[PDB]
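What follows is a set of notes on a single structure, which appears directly below.
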Amino acid sequence: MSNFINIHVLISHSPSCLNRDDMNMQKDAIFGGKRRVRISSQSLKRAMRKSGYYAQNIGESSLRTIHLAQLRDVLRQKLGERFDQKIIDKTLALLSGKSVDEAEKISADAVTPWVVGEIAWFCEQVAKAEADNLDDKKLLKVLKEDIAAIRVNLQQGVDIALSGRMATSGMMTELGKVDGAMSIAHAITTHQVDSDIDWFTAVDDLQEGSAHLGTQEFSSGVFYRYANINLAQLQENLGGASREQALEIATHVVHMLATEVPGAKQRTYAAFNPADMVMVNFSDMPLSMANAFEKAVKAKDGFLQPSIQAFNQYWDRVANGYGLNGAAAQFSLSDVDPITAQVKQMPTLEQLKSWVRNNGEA
Amino acid sequence: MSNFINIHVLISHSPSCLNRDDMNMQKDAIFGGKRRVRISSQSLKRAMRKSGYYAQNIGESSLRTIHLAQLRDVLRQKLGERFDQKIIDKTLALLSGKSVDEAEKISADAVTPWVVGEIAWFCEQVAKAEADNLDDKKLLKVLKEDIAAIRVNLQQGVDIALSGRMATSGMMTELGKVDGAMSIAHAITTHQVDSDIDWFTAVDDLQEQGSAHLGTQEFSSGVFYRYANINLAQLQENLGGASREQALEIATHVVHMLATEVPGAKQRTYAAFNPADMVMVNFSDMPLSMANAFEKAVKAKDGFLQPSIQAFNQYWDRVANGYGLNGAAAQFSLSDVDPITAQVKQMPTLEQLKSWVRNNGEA
Amino acid sequence: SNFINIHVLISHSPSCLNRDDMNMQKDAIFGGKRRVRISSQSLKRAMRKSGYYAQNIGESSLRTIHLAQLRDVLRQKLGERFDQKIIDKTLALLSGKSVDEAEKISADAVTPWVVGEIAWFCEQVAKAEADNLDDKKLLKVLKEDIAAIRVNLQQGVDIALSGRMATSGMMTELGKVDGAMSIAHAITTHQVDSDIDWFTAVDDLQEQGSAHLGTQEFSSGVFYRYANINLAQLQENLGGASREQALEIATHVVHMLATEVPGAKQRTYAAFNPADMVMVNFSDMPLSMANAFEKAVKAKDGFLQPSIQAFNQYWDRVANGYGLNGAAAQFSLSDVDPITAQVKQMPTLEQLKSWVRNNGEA
Amino acid sequence: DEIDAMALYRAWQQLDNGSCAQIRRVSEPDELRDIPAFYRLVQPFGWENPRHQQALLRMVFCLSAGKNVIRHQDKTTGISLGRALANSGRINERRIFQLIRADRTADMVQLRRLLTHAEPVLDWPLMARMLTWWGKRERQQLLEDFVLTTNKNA
Amino acid sequence: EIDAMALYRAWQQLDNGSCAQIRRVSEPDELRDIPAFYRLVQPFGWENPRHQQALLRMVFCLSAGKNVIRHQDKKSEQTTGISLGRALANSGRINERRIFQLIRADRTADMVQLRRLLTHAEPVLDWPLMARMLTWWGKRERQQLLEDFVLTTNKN
RNA sequence: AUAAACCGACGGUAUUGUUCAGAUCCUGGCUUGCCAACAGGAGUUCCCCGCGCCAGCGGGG
């Protein structure tokens, strides 16, 4: 009852537009026959990667790109003093195929997350390959033996270990395929939303008479974010890392999911709101509490309170009907008395995080 | 009424893409003149076979493949300490119909489910060729007599005993034909669905923020209705004359999986890990699907879930009274409802329902 | 009246209950519109091979024809063609008990195919007494035939209701047993939008991976099954035979039509649906109500309700115009009802079968 | 036999900024029923005959995209909506898959959002007739035209 | 199963006391509190709830005054009677923006506004039409009201 | 009792893995809702009980 760690977050946002269409439309989704404002999971994940908190507590994020011409120069810059450029070019060419050099624009198949640690390690290997004249096929055969040693490098690129990586060309198709370890859902509102429309203008300071016109869709909303971390898979993706090491990353994910908000239209719609509820529970089976809002919550005193209430009630029903999955802990800023008793109430967030660090104990 | 066990499941899913087309579109199907989102029965089956619950409670799933060149290596690894490589090669060669060359790649006719247990058994039986030499056709004729002895080894399969298999080549075409024993339907939504589209981008860290053409991913939420049916006698036969109680235990495992397991498609990015909101099980002399309860696409009052439960119960009452069926019928629901009528016993928890099944509907 | 008419409206979930030689759903153009079809042979096999059939017809009390009972009659119906000694010889070879030994239960009428076959046997033993091959010598060459008729003399109701078994040891023209129930092709009441399932086959040893592709046509729809029963023919082929017994069989036919479904792809699509409507009516002439759906039914709230409505509305204006007379009863799962009475409304199927069993009297 | 003239379009062109502003500010055609300037606009054609009402709601709703969103171009036969949206080059075919799969009010909404984004040139009476019926064959034909033109201009 | 015009007639013939009790009411729900209402509306629809809401509306409108709503039968040439919209338009005292606000109102509020309009309009109309529209009072009926008013003013 | 009769096209199958829609923008300026007006005629106020009765007085609901 402790492989999966489930993260449920209820967070309310003031009038804003945190996720947009290709036509300046608010991202939405139909649930329970009602329209909900949606925030795509990609937006949340990238919002986490490029956050300062991630930079402070987890490390450097990966470099996702197709431009191998730029990446060539970057790798030549950061690995210039440790390796020969002849080796770097060959390495990058082996992982994707086939850069060589001097080309103004080299593009891979799709946007790939590259970490400099893996590339440096591969340089260390292909150096030996050049030393003992190992054929590239033989080198592949050797490297495929111990994939864990490759996965150890993902400690300097945890976002890949969490979000996964897909490879089509190069040797990365045999060595760089990463599964898991974090499953994150698209954030949807717990209630129905009819999106408001802002009618703005642009004043020409050199004319007092006729009107300009502009439309920007926006809305406030109580979003439910769900996340899930497969600890075993996370340890595997980090090269057999300890569980204690994975749980810390998990806590950081809880914090970011509880605090981080996408920066879309935040200069004009400053919707910098913290989460009003964060519940974390350990289970061996992934469970999402989205069906707590299938019957779209109706505002009594706002949407937040009945959202918390509905959430708690559904968690109680699932807990009773399917049996208690494992340890659970809740942190709220609301005036709502919890109904289920087998969930530890945490006054502050850092206490919840501490509770997670100790594998759901004290 | 006690040969077929019918499993009905109403389960609501948050926005996701649990099963795709060849154009990466959501699988759909037209019911009652209305579009319903569909989940393939093959998808559900494989989702069950490769599930952790299956591994914990039922055992190891079958290995389906055409690559006999890899399969020979696998079988040599797992059976090498028990048999000689030539015997294993002759075994696999007899079963598949192809020849084990020690080559790099030799393929079979089609994807075949192989269970290592029955293969080991066939190694033991073909080790009788090491004795007074019987012709391979002779040995075949000997094995033809007792098929039950072969089906006993299928307790390390079960997914084959449940879903069956078909052979075209080798000796398996005459010894490995399994028919039953579980009939499962394609999961369709109880309501009309207009699928949404996620318009995504991919930020290039060395060029972006810049302009870009966008990508599309069709997704949707929805209340799905899963139906399954188990022929107990056929299961007992498929397991080599196994006891009824055993078949009922396996049946309960099927119930739990059908109630909890969700296909892992697009779950890293959409994560629709939702439990079933209703699970009803009823014993009958004849299989019975309650799909026509949603022939008229349910319309949302307070979501699609509650009117789905309601419609299900109403149609079940109508059919039950109309055709005079007498279960052996039990319903488990998370929601508070007004369901009926006796004796479709209400079970507060899923485990009580499974226990009710294990004791042949009398509990 | 002599004929019994059975009309069934039954809805099927997405499936493929009947394929052609190219793995596509069988169809039929009706009213200029394409309809999905379930061949009559598929339905009739689904019935004849069912367990209910085996219980109520496979093990009926009238399945065994005792030749010793037919001593006198066979002598007077074949006395014009054969001598008495030849007949007695044949019966003695077939039973095989010579003695007469009047059973004190000598029948009044005989089944036609019986006299048809035993006449052939009489011919054979005649030319066998002319050659002449002794009883043993000829019984050796007639082994398969004798066994062949011996198994048929224990399946009276099966042959009487469904016909001979496509491999019965029958030779004479009278041996061609038809009826007594006629099953029509089941067509959809509406124009069908066929779906195409696009499946793959995953290889567990190369999950990278090249996918095994495949397609399969499937469709849901409301089918109209029609069948009729000739009671006189059923009584003649069980001759016998009281009308009440024939009715008792007719009830079984009604039940089988209301319940039984072909097993094509039911392991993967599972269209185990029960009939949503079934009407039975006596008549001097069999009539299908297919022209009720000659104009393709269009979906208002599903296809089922407007199909029921179309059927009833057709029966209202058309019934009296044609030679339908009486009596009629209908068992359905949803209103409305036909405005015309003289069509008793039955709450359950068992009440309907009981209604049929009492010759349609209330 | 009663047809809605092209005059409507002209009227829409000539209508004042106020009423047009009242009309453009609308989410659904029923809300178009809600506003009076609409009734004043659509009376001659006209609104008082229920056979025409739905068609008028659709047409006016589409025109409500803007005064110069739908650009009329005379023709053998004029450019169709599919051909127009395809020629614009700004529209992705998936959104038209959406358009063909949409139901009732939703589709019209989706349609309007497209027009504003497309700035298409087309023969207005064709679009008028297609909006008059808007059956399954109109949808299908729309998608056909779009796909074929895009395939023919790639 | 339909409410007759007799109600109107009854309202005409009822004494000043009960009319005073009914007239001074703010909301249709508050109309339930007084007995004279029950005595008036007893023959037509109680206790069959299907009419109750409608009755609440109808009487409420009638509660505007004894001779506020002037009834005029449909002319043989008219084919259809003068409608509430056409009436309010012909009165000339009503501004269209308040009918806009009338179409935008919800539940009790709209009735509150409607009564307030009638008193200011003194309209002439075919009472069964208004009764029929009040029985359902759906969105289409509202929009139709606005149609009649705006169209009447623009056409005449 | 019809080129009829008797009469399954059957079994086996994840469509999978990667992805911010982003950045810029006052709806501004001008408007009385004014003119006329007793709420007064009236003791009805629906059901019991006690005592009166050219009258009426009380007690309960």
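Convention: chains lettered A, B, ... in structure tokens order; per-chain residue numbering from 1; ligands numbered from 1 as shown.
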
(request) Taking the DSSP assignment computed from this structure's backbone, write out as number ranges by chain all residues of stretch 53-217 of chain A that belong to alpha helix (DSSP H). (result) A: 53-57, 68-78, 85-95, 116-131, 136-143, 148-151, 158-163, 172-175

(message) Please list as a PyMOL selection string every residue within 10 Å of residue F:27, counting only C-alpha atoms (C1' of nucleotides) and excluding residues in the same chain fewer than 4 positions away.
(response) chain A and resi 199-203+210-213

With N, CA, C and O atoms retained, write the just-selected residues as a compact mmCIF listing (two decimals), in the first residue's frame.
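Generated output (result_14.txt):
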# COMPACT_ATOMS: atom_id res chain seq x y z
N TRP A 199 -13.86 43.33 -23.38
CA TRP A 199 -13.84 44.18 -24.56
C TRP A 199 -12.89 45.35 -24.35
O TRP A 199 -13.26 46.35 -23.73
N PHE A 200 -11.67 45.22 -24.86
CA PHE A 200 -10.64 46.23 -24.65
C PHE A 200 -10.41 47.10 -25.88
O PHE A 200 -10.83 46.76 -26.99
N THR A 201 -9.72 48.22 -25.68
CA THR A 201 -9.37 49.12 -26.76
C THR A 201 -7.90 49.51 -26.67
O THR A 201 -7.22 49.20 -25.70
N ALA A 202 -7.41 50.20 -27.70
CA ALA A 202 -6.05 50.71 -27.72
C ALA A 202 -6.05 52.19 -28.06
O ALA A 202 -6.26 52.57 -29.21
N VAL A 203 -5.83 53.03 -27.05
CA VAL A 203 -5.93 54.47 -27.23
C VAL A 203 -4.75 55.02 -28.02
O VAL A 203 -3.59 54.89 -27.60
N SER A 210 -12.99 57.71 -33.26
CA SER A 210 -13.56 56.40 -33.54
C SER A 210 -12.93 55.35 -32.64
O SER A 210 -11.81 55.53 -32.14
N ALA A 211 -13.64 54.24 -32.44
CA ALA A 211 -13.22 53.23 -31.48
C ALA A 211 -12.40 52.11 -32.10
O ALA A 211 -12.63 51.72 -33.25
N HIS A 212 -11.42 51.62 -31.34
CA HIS A 212 -10.77 50.36 -31.66
C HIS A 212 -11.51 49.27 -30.89
O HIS A 212 -12.31 49.57 -30.00
N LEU A 213 -11.26 48.01 -31.23
CA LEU A 213 -11.94 46.92 -30.54
C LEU A 213 -11.07 45.68 -30.40
O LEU A 213 -10.28 45.34 -31.28

Could you give me, as a tab-separated table, every chain A residue with an atom at most 12 Å from chain D, plus its closest atom pair and distance in Å to one decimal, counting only C-alpha atoms, rows ordered by chain then number?
residue	atom	partner	partner_atom	distance
A:21	CA	D:95	CA	11.8
A:22	CA	D:117	CA	10.2
A:23	CA	D:117	CA	7.6
A:24	CA	D:117	CA	10.5
A:25	CA	D:113	CA	9.7
A:194	CA	D:27	CA	10.3
A:195	CA	D:27	CA	10.5
A:196	CA	D:27	CA	10.8
A:197	CA	D:25	CA	9.7
A:198	CA	D:25	CA	11.3
A:199	CA	D:25	CA	10.0
A:210	CA	D:17	CA	10.9
A:211	CA	D:17	CA	10.6
A:213	CA	D:21	CA	10.7
A:214	CA	D:25	CA	12.0
A:215	CA	D:25	CA	10.4

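Those residues of chain B that fall within 9 Å of chain D when using only C-alpha atoms read residues 194, 195, 196, 197 and 216 of chain B.
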
Output N, CA, C and O atoms for every residue in the selection just made, as a compact mmCIF listing (two decimals), in the first residue's frame.
# COMPACT_ATOMS: atom_id res chain seq x y z
N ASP B 194 -19.64 14.68 -27.79
CA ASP B 194 -18.89 15.52 -28.72
C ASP B 194 -17.47 15.67 -28.20
O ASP B 194 -17.22 16.41 -27.24
N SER B 195 -16.54 14.97 -28.83
CA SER B 195 -15.16 14.92 -28.37
C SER B 195 -14.45 16.27 -28.50
O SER B 195 -14.59 16.96 -29.50
N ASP B 196 -13.70 16.63 -27.46
CA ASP B 196 -12.93 17.87 -27.46
C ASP B 196 -11.56 17.64 -28.09
O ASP B 196 -11.12 16.50 -28.24
N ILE B 197 -10.90 18.73 -28.47
CA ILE B 197 -9.57 18.64 -29.06
C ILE B 197 -8.57 19.48 -28.28
O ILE B 197 -8.78 20.68 -28.08
N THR B 216 -2.79 18.37 -32.48
CA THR B 216 -4.13 18.07 -31.98
C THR B 216 -4.18 16.72 -31.26
O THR B 216 -3.53 15.76 -31.67

(message) Report as a list in words all protein, DNA and RNA residues lying within 8 Å of residue A:178, evaluated on only C-alpha atoms (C1' of nucleotides), omitting residues in the same chain fewer than 6 positions from it.
(response)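 The residues satisfying every condition are residues 160, 161, 164, 165, 166 and 237 of chain A.
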
(message) At a cut-off of 12 Å, which residues of chain F touch chain B? Count only C-alpha atoms (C1' of nucleotides) and give the answer as an MDAnalysis selection string.
(response) chainID F and resid 10:23

I'd like a table as CSV: residues in chain C with an atom no more than 12 Å from chain A, each row giving the shortest atom pair and its distance in Å to one decimal, only C-alpha atoms counted, sorted by chain and rising residue number.
residue,atom,partner,partner_atom,distance
C:206,CA,A:174,CA,11.9
C:207,CA,A:177,CA,11.9
C:208,CA,A:173,CA,8.9
C:209,CA,A:168,CA,10.9

Export, as an mmCIF file, in the first residue's frame, the selected residues with N, CA and C atoms.
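Saved result, selection05.cif, follows:
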data_model
loop_
_atom_site.group_PDB
_atom_site.id
_atom_site.type_symbol
_atom_site.label_atom_id
_atom_site.label_comp_id
_atom_site.auth_asym_id
_atom_site.auth_seq_id
_atom_site.Cartn_x
_atom_site.Cartn_y
_atom_site.Cartn_z
ATOM 1 N N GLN C 206 8.569 -7.646 -29.033
ATOM 2 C CA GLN C 206 9.027 -6.463 -29.756
ATOM 3 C C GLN C 206 7.989 -5.345 -29.652
ATOM 4 N N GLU C 207 7.885 -4.769 -28.460
ATOM 5 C CA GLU C 207 6.861 -3.773 -28.162
ATOM 6 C C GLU C 207 7.267 -2.368 -28.605
ATOM 7 N N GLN C 208 8.171 -2.281 -29.578
ATOM 8 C CA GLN C 208 8.740 -0.993 -29.974
ATOM 9 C C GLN C 208 7.738 -0.030 -30.653
ATOM 10 N N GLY C 209 7.037 -0.417 -31.726
ATOM 11 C CA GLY C 209 7.096 -1.715 -32.379
ATOM 12 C C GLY C 209 6.185 -1.764 -33.590
#

(message) So that I can check the surroundings of stretch 268-283 of chain B, please list as a PyMOL selection string every protein, DNA and RNA residue that reaches within 8 Å of it, counting only C-alpha atoms (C1' of nucleotides) and ignoring chain neighbours fewer than 4 positions away.
(response) (chain A and resi 41-42+163+180+182-186+226-227+286-291) or (chain B and resi 1-17+259-260+262+309+327-335+350+357+361)

(request) Please provide the set of residues having any atom within 7 Å of residue B:161, restricted to only C-alpha atoms (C1' of nucleotides), with same-chain residues fewer than 2 positions apart removed, written as a list in words. (result)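 In the requested format, the answer is residues 154, 157, 158, 159, 163, 164, 178, 180, 181, 235, 238 and 239 of chain B.
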
For the residues selected in the previous step, produce a file with N, CA, C and O atoms as an mmCIF file, in the first residue's frame.
data_model
loop_
_atom_site.group_PDB
_atom_site.id
_atom_site.type_symbol
_atom_site.label_atom_id
_atom_site.label_comp_id
_atom_site.auth_asym_id
_atom_site.auth_seq_id
_atom_site.Cartn_x
_atom_site.Cartn_y
_atom_site.Cartn_z
ATOM 1 N N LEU B 154 -3.068 -25.235 -18.243
ATOM 2 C CA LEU B 154 -3.564 -23.924 -18.645
ATOM 3 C C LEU B 154 -3.959 -23.083 -17.432
ATOM 4 O O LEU B 154 -4.483 -21.979 -17.577
ATOM 5 N N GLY B 157 -2.107 -20.281 -17.473
ATOM 6 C CA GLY B 157 -2.579 -19.407 -18.531
ATOM 7 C C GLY B 157 -3.779 -18.583 -18.100
ATOM 8 O O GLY B 157 -3.665 -17.375 -17.888
ATOM 9 N N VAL B 158 -4.928 -19.247 -17.977
ATOM 10 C CA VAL B 158 -6.193 -18.640 -17.542
ATOM 11 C C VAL B 158 -6.718 -17.582 -18.519
ATOM 12 O O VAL B 158 -7.875 -17.646 -18.933
ATOM 13 N N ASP B 159 -5.882 -16.612 -18.881
ATOM 14 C CA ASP B 159 -6.261 -15.613 -19.879
ATOM 15 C C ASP B 159 -6.556 -16.284 -21.222
ATOM 16 O O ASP B 159 -7.327 -15.765 -22.036
ATOM 17 N N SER B 163 -10.132 -16.200 -22.702
ATOM 18 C CA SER B 163 -10.302 -15.543 -23.993
ATOM 19 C C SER B 163 -10.102 -16.476 -25.185
ATOM 20 O O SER B 163 -10.465 -16.135 -26.309
ATOM 21 N N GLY B 164 -9.520 -17.647 -24.944
ATOM 22 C CA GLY B 164 -9.313 -18.620 -26.003
ATOM 23 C C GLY B 164 -8.132 -18.324 -26.907
ATOM 24 O O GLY B 164 -7.548 -17.241 -26.852
ATOM 25 N N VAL B 178 -8.530 -23.591 -28.043
ATOM 26 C CA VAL B 178 -9.334 -23.284 -26.866
ATOM 27 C C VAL B 178 -10.456 -22.328 -27.257
ATOM 28 O O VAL B 178 -10.212 -21.300 -27.888
ATOM 29 N N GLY B 180 -13.678 -21.182 -25.158
ATOM 30 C CA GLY B 180 -14.213 -20.226 -24.202
ATOM 31 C C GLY B 180 -13.211 -19.236 -23.638
ATOM 32 O O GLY B 180 -12.154 -19.008 -24.224
ATOM 33 N N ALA B 181 -13.543 -18.639 -22.496
ATOM 34 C CA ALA B 181 -14.801 -18.906 -21.804
ATOM 35 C C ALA B 181 -15.453 -17.606 -21.345
ATOM 36 O O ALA B 181 -16.520 -17.619 -20.729
ATOM 37 N N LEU B 235 -15.136 -22.786 -18.445
ATOM 38 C CA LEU B 235 -13.915 -22.416 -17.736
ATOM 39 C C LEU B 235 -13.331 -23.630 -17.019
ATOM 40 O O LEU B 235 -12.128 -23.900 -17.103
ATOM 41 N N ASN B 238 -11.822 -25.775 -19.567
ATOM 42 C CA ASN B 238 -10.599 -25.174 -20.084
ATOM 43 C C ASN B 238 -9.439 -25.303 -19.098
ATOM 44 O O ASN B 238 -8.275 -25.269 -19.495
ATOM 45 N N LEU B 239 -9.752 -25.458 -17.815
ATOM 46 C CA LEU B 239 -8.707 -25.624 -16.809
ATOM 47 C C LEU B 239 -8.467 -27.096 -16.476
ATOM 48 O O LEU B 239 -7.778 -27.418 -15.507
#

(message) I'd like to know which of F:39, F:25, F:6, F:51 is closest to chain A, using only C-alpha atoms (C1' of nucleotides).
(response)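 Distance minimum relative to chain A lands on F:25.
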
(request) Write out as a PyMOL selection string all residues of stretch 67-177 of chain B that DSSP puts in strand (DSSP E) for this structure's backbone. (result) chain B and resi 67+107-114

(request) For chain C, report every residue with an atom at most 6 Å from chain B (counting only C-alpha atoms), formatted as a PyMOL selection string. (result) chain C and resi 203-204+220+267-270+272-273+301-303+348-349

(message) One number please: atom CA of residue E:82 to atom CA of residue D:19, in Å, one decimal.
(response)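 About the pair atom CA of residue E:82 and atom CA of residue D:19: they are 27.9 Å apart.
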
Counting only C-alpha atoms, which residues of chain D sit at most 9 Å from some atom of chain E, and what is each one's closest atom pair with its distance in Å to one decimal, listed by chain and rising residue number, as a tab-separated table?
residue	atom	partner	partner_atom	distance
D:33	CA	E:143	CA	6.4
D:34	CA	E:143	CA	5.8
D:35	CA	E:100	CA	7.7
D:36	CA	E:150	CA	6.4
D:37	CA	E:150	CA	8.6
D:39	CA	E:147	CA	6.7
D:40	CA	E:151	CA	6.7
D:43	CA	E:151	CA	7.7

Using C-alpha atoms, can you write the selected residues to a file as a short mmCIF file (atom, residue, chain, number, x, y, z; two decimals), in the first residue's frame?
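Contents of the output file selection12.cif:
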data_model
loop_
_atom_site.label_atom_id
_atom_site.label_comp_id
_atom_site.auth_asym_id
_atom_site.auth_seq_id
_atom_site.Cartn_x
_atom_site.Cartn_y
_atom_site.Cartn_z
CA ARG D 33 -33.60 36.18 -30.72
CA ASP D 34 -33.23 38.11 -27.46
CA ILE D 35 -32.18 41.43 -29.06
CA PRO D 36 -34.58 43.85 -30.87
CA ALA D 37 -32.20 45.28 -33.51
CA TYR D 39 -35.98 41.78 -35.38
CA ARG D 40 -35.82 45.24 -36.93
CA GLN D 43 -38.47 41.66 -40.66
#

(request) Compile the contact shell of stretch 35-43 of chain E as a VMD selection string: residues with an atom at most 9 Å away, counting only C-alpha atoms (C1' of nucleotides), same-chain residues fewer than 3 positions apart removed. (result) chain E and resid 7 10 to 11 14 18 to 19 21 to 22 31 to 32 46 to 47 55 59

Selected residues written out, N, CA, C and O atoms, as a PDB file, in the first residue's frame:
ATOM      1  N   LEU E   7     -62.266  33.526 -15.080  1.00  0.00           N
ATOM      2  CA  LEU E   7     -61.430  34.091 -14.025  1.00  0.00           C
ATOM      3  C   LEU E   7     -61.412  35.604 -14.126  1.00  0.00           C
ATOM      4  O   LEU E   7     -61.709  36.307 -13.156  1.00  0.00           O
ATOM      5  N   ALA E  10     -64.583  36.984 -13.186  1.00  0.00           N
ATOM      6  CA  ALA E  10     -64.702  36.884 -11.740  1.00  0.00           C
ATOM      7  C   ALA E  10     -63.958  38.044 -11.100  1.00  0.00           C
ATOM      8  O   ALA E  10     -64.480  38.715 -10.205  1.00  0.00           O
ATOM      9  N   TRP E  11     -62.749  38.294 -11.597  1.00  0.00           N
ATOM     10  CA  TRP E  11     -61.907  39.359 -11.069  1.00  0.00           C
ATOM     11  C   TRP E  11     -62.616  40.697 -11.223  1.00  0.00           C
ATOM     12  O   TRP E  11     -62.487  41.582 -10.377  1.00  0.00           O
ATOM     13  N   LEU E  14     -65.557  40.852  -8.422  1.00  0.00           N
ATOM     14  CA  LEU E  14     -65.205  40.726  -7.009  1.00  0.00           C
ATOM     15  C   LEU E  14     -65.235  42.079  -6.294  1.00  0.00           C
ATOM     16  O   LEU E  14     -64.948  43.116  -6.893  1.00  0.00           O
ATOM     17  N   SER E  18     -61.475  42.530  -1.084  1.00  0.00           N
ATOM     18  CA  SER E  18     -60.583  41.445  -1.471  1.00  0.00           C
ATOM     19  C   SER E  18     -59.632  41.927  -2.555  1.00  0.00           C
ATOM     20  O   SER E  18     -58.459  41.565  -2.567  1.00  0.00           O
ATOM     21  N   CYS E  19     -60.150  42.752  -3.460  1.00  0.00           N
ATOM     22  CA  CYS E  19     -59.336  43.350  -4.512  1.00  0.00           C
ATOM     23  C   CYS E  19     -58.232  44.218  -3.916  1.00  0.00           C
ATOM     24  O   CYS E  19     -57.121  44.273  -4.438  1.00  0.00           O
ATOM     25  N   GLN E  21     -56.962  43.688  -0.892  1.00  0.00           N
ATOM     26  CA  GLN E  21     -56.037  42.733  -0.282  1.00  0.00           C
ATOM     27  C   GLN E  21     -55.079  42.125  -1.306  1.00  0.00           C
ATOM     28  O   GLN E  21     -53.899  41.928  -1.020  1.00  0.00           O
ATOM     29  N   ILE E  22     -55.588  41.850  -2.502  1.00  0.00           N
ATOM     30  CA  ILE E  22     -54.802  41.207  -3.549  1.00  0.00           C
ATOM     31  C   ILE E  22     -53.867  42.199  -4.233  1.00  0.00           C
ATOM     32  O   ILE E  22     -52.716  41.879  -4.527  1.00  0.00           O
ATOM     33  N   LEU E  31     -48.655  36.135  -2.694  1.00  0.00           N
ATOM     34  CA  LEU E  31     -50.070  35.986  -3.022  1.00  0.00           C
ATOM     35  C   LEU E  31     -50.683  34.751  -2.364  1.00  0.00           C
ATOM     36  O   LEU E  31     -51.874  34.732  -2.052  1.00  0.00           O
ATOM     37  N   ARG E  32     -49.867  33.720  -2.162  1.00  0.00           N
ATOM     38  CA  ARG E  32     -50.307  32.502  -1.484  1.00  0.00           C
ATOM     39  C   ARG E  32     -50.780  32.746  -0.051  1.00  0.00           C
ATOM     40  O   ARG E  32     -51.645  32.035   0.451  1.00  0.00           O
ATOM     41  N   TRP E  46     -56.900  24.598  -8.457  1.00  0.00           N
ATOM     42  CA  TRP E  46     -56.599  23.880  -7.226  1.00  0.00           C
ATOM     43  C   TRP E  46     -57.514  22.664  -7.183  1.00  0.00           C
ATOM     44  O   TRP E  46     -58.689  22.764  -7.534  1.00  0.00           O
ATOM     45  N   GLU E  47     -56.981  21.514  -6.777  1.00  0.00           N
ATOM     46  CA  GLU E  47     -55.619  21.417  -6.261  1.00  0.00           C
ATOM     47  C   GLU E  47     -54.600  20.890  -7.273  1.00  0.00           C
ATOM     48  O   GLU E  47     -53.475  20.578  -6.896  1.00  0.00           O
ATOM     49  N   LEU E  55     -51.598  30.170 -12.421  1.00  0.00           N
ATOM     50  CA  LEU E  55     -52.645  30.939 -11.772  1.00  0.00           C
ATOM     51  C   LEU E  55     -52.001  32.064 -10.983  1.00  0.00           C
ATOM     52  O   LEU E  55     -52.413  33.227 -11.092  1.00  0.00           O
ATOM     53  N   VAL E  59     -53.321  35.844 -11.861  1.00  0.00           N
ATOM     54  CA  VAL E  59     -53.962  36.676 -10.860  1.00  0.00           C
ATOM     55  C   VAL E  59     -53.047  37.846 -10.531  1.00  0.00           C
ATOM     56  O   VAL E  59     -53.513  38.982 -10.399  1.00  0.00           O
TER      57      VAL E  59
END

(request) Skip stretch 245-250 of chain C itself and residues of its chain fewer than 6 positions away, then list as a ChimeraX atom specification all residues within 9 Å of it, counting only C-alpha atoms (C1' of nucleotides). (result) /C:4,56-57,157,161,181,229,231-232,234-235,238,353-354,356-359
